[PDB]
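Shown below, as structure tokens, is a lone chain in the form deposited in one PDB entry; questions about how it binds or moves come after it.
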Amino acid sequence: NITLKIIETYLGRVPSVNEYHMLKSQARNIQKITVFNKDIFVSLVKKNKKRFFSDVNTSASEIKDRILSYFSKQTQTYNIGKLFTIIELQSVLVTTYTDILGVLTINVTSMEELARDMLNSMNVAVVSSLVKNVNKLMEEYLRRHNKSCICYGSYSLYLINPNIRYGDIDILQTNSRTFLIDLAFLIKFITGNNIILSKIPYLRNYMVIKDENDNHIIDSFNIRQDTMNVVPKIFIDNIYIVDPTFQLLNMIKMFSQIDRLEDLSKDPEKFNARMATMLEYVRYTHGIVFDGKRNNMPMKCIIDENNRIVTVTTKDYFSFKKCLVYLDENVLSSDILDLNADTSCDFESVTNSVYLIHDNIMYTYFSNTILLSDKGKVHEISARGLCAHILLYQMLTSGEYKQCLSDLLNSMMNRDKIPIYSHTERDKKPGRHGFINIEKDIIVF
């Protein structure tokens, strides 16, 4: 009846037996695509191009043709799999484009010395053309999507200190896939470049758009609404950024990763500006004093090399006496299950680990390499990293963290360089490198 008309009109041909049966269900979504006014869409994309991609040399004729060609691609596609892909991708545009992209067209200086000192003690180790335009579009995107997109990284600190040379704009969103598909289409229609959207297995809910030559355009991490709700954040220049206080904690955790320490030696000043900004932020916002008083930080960290579990003595600061930090996330997951614990607190890529307090013992996982100063001895850089990881949870659940953070920061002062004897390897993360190839009508996960 009508469903047949729907499919026939969509396919621009009489639906074969095979096709009618397979597409029968998508009838409703298909109808939505058909009714969608393509001319208005062609107009919106062009309007977007004059605002963010003015320097892209392609005619209105070329843009219109790419768009109209795609909205009729089904008429020349017979492979049922490809048809499902085309229906899915067209649906994303039809239902979300105007809401996501369419709307787009309608005291550090004094802390630099402190930062240099801290970082010096730690220095003991050893991208396509479109980015410019994409970043500019993102500056706007962030202001128009406060509720579903927040920023972290150098750009967010750049909003606090204009002297920061940010490479890109790091974001966490509640609708990453939708955003990335819409943006991939926008870029495709305007530039004609066959971009590819891919998913990386060793990162959590992470997707990235790369150009035809495999150059990086932009990426995004997806997080649930509850995670978005609890992530510490600050409102600046009409956008939300992750609280610089929380970002400082992650920076400390980050240097436990051997790779990052190697980056430090390569460009010390890059990190100095970033650290100096956060140090000042915390100094002024929380009244933290850098008197060099260590107190009970960093907490004692003992590693069991055979079981890849670092025990952190937390009794001096928290209600739980110790925290068992697993280096293998699958082992942590299995052990928690064996404890009959069903409500471990998860924060996705924000912490890259669950946190469970059970019988006054915290259980969590550390996603970075653990640095050792001696055989079976955890390097102070990693002890701080582990302490920082535990404080993320404190901040995410509105617990006490101020004093501990102050002591941690102060413990980084007046330190001698300590060479790295060795380090643990991160656990293996299984999984396929998934991707969406619009040009090829392929989606594989």
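Only residues modelled in both forms are compared. Between two forms, the rigid core is defined as the largest C-alpha subset superposing within 1.5 Å. Note that residue numbering follows the sequence shown and begins at 1.
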Practice prompt. Select one of none, 1 to 3, 4 to 9, or 10 or more to describe the deposited residues without coordinates separating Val126 and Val127.
Written response: 10 or more
Worksheet, complete the sentence: Of the deposited residues between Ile106 and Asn107, the number without coordinates is 10 or more
Fill in: 384-392 set against 30-38, stretch whose average Cα temperature factor tops the other in the entry
30-38
Worksheet entry | Between 350-358 and 257-265 (mean CA B-factor, as deposited), the higher | 257-265
Worksheet entry | Top Cα B factor in the deposited entry, candidates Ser319, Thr75, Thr313, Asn340 | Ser319
Worksheet, complete the sentence: Top Cα B-factor in this entry, restricted to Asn330, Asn213, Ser148, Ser198, sits on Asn213
Practice prompt. Classify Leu23 as lowest, middle or highest third according to the C-alpha B-factor given in the PDB entry, relative to its own chain.
Written response: highest
Worksheet entry | Third of the chain's Cα B-factor distribution that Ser422 belongs to, per the entry | middle
Item to complete: Relative to the other modelled residues of the same chain, rank the CA B-factor of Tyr240 and answer lowest, middle or highest third.
Response: middle
Worksheet item: C-alpha B factor of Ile100, ranked within the chain: lowest, middle or highest third?
Response: middle
Discussion item. Among the modelled residues of this chain, does the Cα B factor of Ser91 put it in the lowest, middle or highest third?
Written reply: lowest
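Keep in mind that the form deposited in another entry is not shown, yet the notes after this line are about it.
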Discussion item. Superpose on the core and compare between this form and the one not shown; which one of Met413, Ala27, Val56, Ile420 crosses the 2 Å Cα shift mark?
Written reply: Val56
Worksheet item: Superposing on the core, what residue ranges of at least 3 consecutive positions move by 2 angstroms or more in Cα between this form and the one not shown?
Response: 56-62, 341-343
